[PDB]
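Structure first, then comments.
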């Protein structure tokens, strides 16, 4: 801005600066880290293959000292995997398919990772239950939230559901196990946010024979990942199944002689 | 009447203005400017709006502090690898364009100078390599390029190494004061789907991969760097095949005949590496992202309309030639408040077909030929859909058929409303433009006299959506027959605002009564001059068409079973 | 009127150009390019066309054209008839030529944000100005004469490419005299669009 | 007079050598409050001979730019609607009396041309446009301040 007249019209108040900072840092870097962690787990562990504890040196996370590595991927085809008998009950059936699949994924992960044993070993005098953290886009959660007659989103498992407007996580469901009640880094957590505060420094610069006031913020933050466990599932072709009705996969018993 | 005031809020104006003018400030983001060193380009470049940043991902991600190696022909062609193995890659930071390649390991050779090596065209004008360039606290490897060779065929693997056990430079307990070293010892695993660089699945390890096997490559690399003057050297110490695994993660001896035959001809060597460093200057010589604001202000003005009058002989009272005074008022109220509004709505529908295409969003300030100031707060969006209830409705019993059709149509409405909220970003616009509370997007449903009773009887799966409010508008006009029109409406505001769908430009007019001896006759007349117009702001709307409604009710359509290829026909 | 709309909505004061065929022919486009159409006001039917752009001075008098036979029988053009607060371009025409083939499009620029005569205070005190600069788009599945496709823009429309024409039009009008003028300053295509909303260069093989 | 295609960026056009040597100019390099037409260059042609008359049209009532009530908030417009004349003793190239208009000047006649020039200018990045829209001869004046008919034998 010009360094002879204050201008709150071209440059707004400090709030615009702070909110631009807040958006950039606290959303885009985190999304990059999460998706890159997904991709690197894909690259190293294959698909759906448990690994012996501390036998996968070459991928961060002190969590590998307590839990077997595990990454699995799944695909839901709502158009070809939904069951209807009446148009009035289609959304409940959609919820049924999605919740049943997520429950199956959670149970299989808990089965082959042995997370319960690690959890009970790490903390004594208490036996908490594994907590599922689920993130997704701005359209799906209300197809997870109950409507009339529906069952719990994961039986016996407590959960949290998050909202994000960014367009990578469109029709995406990402989940893992975390500890909600701890504020200091543990090997069991998914990751921690290393943070170093920045203070504002405002002063004049003479750049290429200039006269102008300059405002600078240098951020200091870094995202680290601990638990090498995560499940990535995507749902495709939803609105078509909602608008176009499918029904009644029928398997003939070939009593009409062909076998 | 309900309909006209539903989409067009009444805004009254005194007769002393020819129109109303709006002023809106926009806050926008953009990097680098013309100045006078080149005075580059006419009509300059484009500037982005910040609100688009909430939905996009390369809008804010900028890097200028990164110290990436840069090629200069005839200057540093010796420090880089031979480009005959891998062609140089192109990278962009700031506004410079240049080619890069992986730095190579040298054993007995001289160390390089990372600080100097990363001079980019932006720096050179700003000054070449002054004192106060100091490397950041952490410097780490990102990729390693090992050549797995099978029978003369070379495949390069850009193994992402930035994420691993130990790649962060560590301060030394002794020796000099700023000598940071690299002590790198681990095994890097090649997964069964670990792709070759530049796409393409690994075609060499397929033989082990088809059996589901994997190889363990241990890597022996050391290095050192000075964080004051940018000097340092790195050397590879050892690299060889260490272990081979099965699908169960059980050690398999290299002496087995099959794996040994599959491993015949395998030699692995390290080609080069790439190293990340950030130039933490305390004085700094970058221009960040410039932030400004611009103001676009619009002029809206309101004309008159053709007059209406009744004439009658000026000696008598009549209910024959003139019933009371109410006739003109009723005619005028029709004139104003129904046909013109409906015509405006339909013309907007046609216009949005003409411009936006079917069901495709556009970025912010993507078009200016569209009417309405609301175009700066949301992506434009127009989508249409039709439901063939005859070919789509589910029938179980003849008793619940109306409930079934109601559920189908309401589910379709929910789909469109939710996907509109997803694609437009209207929700965040409401969150921002008003800060006292976060109101739910208030939805209005306008349609003819036919449909509404098939929308609300009983058994609503979801009303119009959870936490959504609705208002049902009904009208008798024909050309709206058998359609559904919906949009987004603010019920709590009265003044012009970019989040209104429309505002009814209205100035009062009063009766004109006096004698005119014209055409050489005498009569009493009542001149009525209406002056109003409809002004609409928000460029978002959704429409739904229904066909075969009569066909489905009076003819059964059930169970389009989908036989799935069990009767042998493949 | 309760059911149909056309039983009402009468015009009797709007000023529309009228062909006298020999008395004001110079101020219309020639009939060899676009045949005149018949329109009705009140009980009077007549011919109308588009006012030619003033390529070289010679402004036009608006009241000299708006004598309908109903106004002819009403005697001389009344001296006190003044224009309304609003005067705007109701319809803009474009002619695209490729290889000698001429086609006309009807772009409805009515009610657009930058197409209303605004009061100007630099000259006199009853002068209205027009200042028209925007991008007039052409429908990918519409905009031929009232919609639908064309015979010269197939290559873009089949793949669905959208064209933006930048327009520079300036105009002035006097709401007491009836003298006014209108001129086209510049007219050409600048950008080409698609579904994705990202422009394509004018040098790509298909677009070129 | 640029009419079609690109306009002109004035800030590009004023890159004097000293400005090259000094580097770059400061932020928000803004134009003058007013913009003026310092000269209008018209050409007179009679039979194939062209003579240039440099009419300094500055300080006439309508050579000033004003802000628009639409578009951007920095766009200033130019509307120059007036009559320009060429006289016997007014400053002109090849003397106050030129060769192509000597006949009228000897008869004491001075010609008046109606000029209609309009334009656009922005004071933020230096881009703008101007177009010549109308220019012809309209009235002829004698040594006595009364308009003479164009159909009269001598003037015609």
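Residue numbers (the entry's author numbering), protein chains in the order written: chain B, 339 to 597; chain C, 28 to 597; chain F, 80 to 287; chain k, 132 to 287.
All C-beta atoms, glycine included, are put in the ideal place defined by N, C-alpha and C.
Query                                                                                                                                                              : Result
The segment 353-368 of chain C: which residues have C-beta closer than 7 Å to a C-beta of chain F, in chain order?                                                 : 361, 362, 366
Taking residue 262/F as the query, report the chain k residues whose CB atoms sit under 7 Å from its CB, ordered along the chain.                                  : 264
Per DSSP, what are the beta-bridge partners of residue 57/C in this structure?                                                                                     : 317/C
For chain F, find out if any of its Cβ atoms is closer than 8 Å to the Cβ of residue 124/C; answer yes or no.                                                      : no
Assuming residue 149/F is part of the alpha helix (DSSP H), what are its boundary residues?                                                                        : 148-152
For residue 66/C, go through chain k and note every residue whose CB falls closer than 8 Å to its CB, in chain order.                                              : 140, 142, 143, 146, 257
Quick check on this structure: which residue in 279/F, 218/F, 83/F has the alpha carbon closest to the alpha carbon of residue 187/F?                              : 218/F
Can you give me the Cβ contacts of residue 543/C inside the same chain, cut-off strictly under 7 Å, excluding the 5 residues immediately before and after it?      : 552
So, is the C-beta of residue 197/F closer than 8 Å to a C-beta in chain k?                                                                                         : yes
Is there a Cβ of chain B sitting closer than 8 Å to that of residue 152/k, yes or no?                                                                              : no
By the 10 Å Cβ neighbour count, where 16 or more other Cβ atoms means buried, how is residue 254/C classified, buried or exposed?                                  : buried
May I have the straight-line CA-CA distance separating residue 455/C from residue 210/C, to the nearest angstrom?                                                  : 49 Å
Determine, using beta carbons only, whether residue 135/F comes closer than 8 Å to chain k.                                                                        : yes
Is it buried or exposed, residue 468/B, if we count other Cβ atoms within 10 angstroms and call 16 or more buried?                                                 : buried
Work out the CA separation of residue 222/F and residue 397/C for me, nearest whole Å.                                                                             : 15 Å
Would you say residue 82/F faces chain C, with C-beta separation under 8 Å as the test?                                                                            : yes
According to DSSP, residue 561/C sits in a beta bridge with which residue or residues?                                                                             : 531/C
Is DSSP giving residue 236/k helix, strand or coil here?                                                                                                           : helix
Which residues in chain C have a C-beta closer than 8 Å to the C-beta of residue 87/F? List them in chain order.                                                   : 358, 361, 362, 366
Exposed or buried, what is residue 428/C when buried is set at 16 or more other beta-carbons lying within 10 Å of its beta-carbon?                                 : buried
Along the beta strand (DSSP E) that carries residue 262/k, what are the first and last residues, could you check?                                                  : 258-272
In this structure, how does DSSP classify residue 106/C when only helix, strand and coil are distinguished?                                                        : coil
By alpha-carbon positions, which one of 174/F, 143/F, 228/F ends up nearest to residue 155/F?                                                                      : 143/F
At what residues does the beta strand (DSSP E) containing residue 515/C begin and finish?                                                                          : 510-515
Name the chain B residues whose beta carbon is nearer than 9 Å to that of residue 157/k?                                                                           : 340, 547, 548, 549, 550
On the DSSP bridge list, what partners appear for residue 214/C?                                                                                                   : 245/C
From the DSSP output, in three-state form, read off residue 387/C for me.                                                                                          : coil
Counting pairs of beta carbons, one from the segment 298-310 of chain C and one from the segment 160-173 of chain C, are three or more of them closer than 8 Å?    : yes
Hey, could you find the ends of the alpha helix (DSSP H) residue 399/B is sitting in?                                                                              : From DSSP, residue 399/B is part of no alpha helix (DSSP H); its letter is neither H nor E.
Using the Cβ count rule (16 or more neighbours within 10 Å means buried), how would you classify residue 382/B?                                                    : buried
Find the nearest neighbour of residue 213/C within the set 263/C, 560/C, 440/C, judged by alpha-carbon distance.                                                   : 263/C
Counting only Cβ pairs nearer than 7 Å, list the residues of chain C close to residue 476/B.                                                                       : 449
Taking all protein chains shown into account, decide if residue 442/C is buried (16 or more other Cβ within 10 angstroms of its Cβ) or exposed.                    : buried
Check each residue of the segment 242-257 of chain F: if its Cβ is closer than 7 Å to any Cβ of chain k, include it; give the result in chain order.               : 249
Sorted by chain position, which residues of the same chain lie with C-beta nearer than 8 Å to residue 193/C's C-beta, five sequence neighbours on each side aside? : 210, 211, 212, 213
Between the segment 121-129 of chain C and the segment 220-235 of chain C, do at least 3 Cβ pairs fall closer than 8 Å?                                            : no
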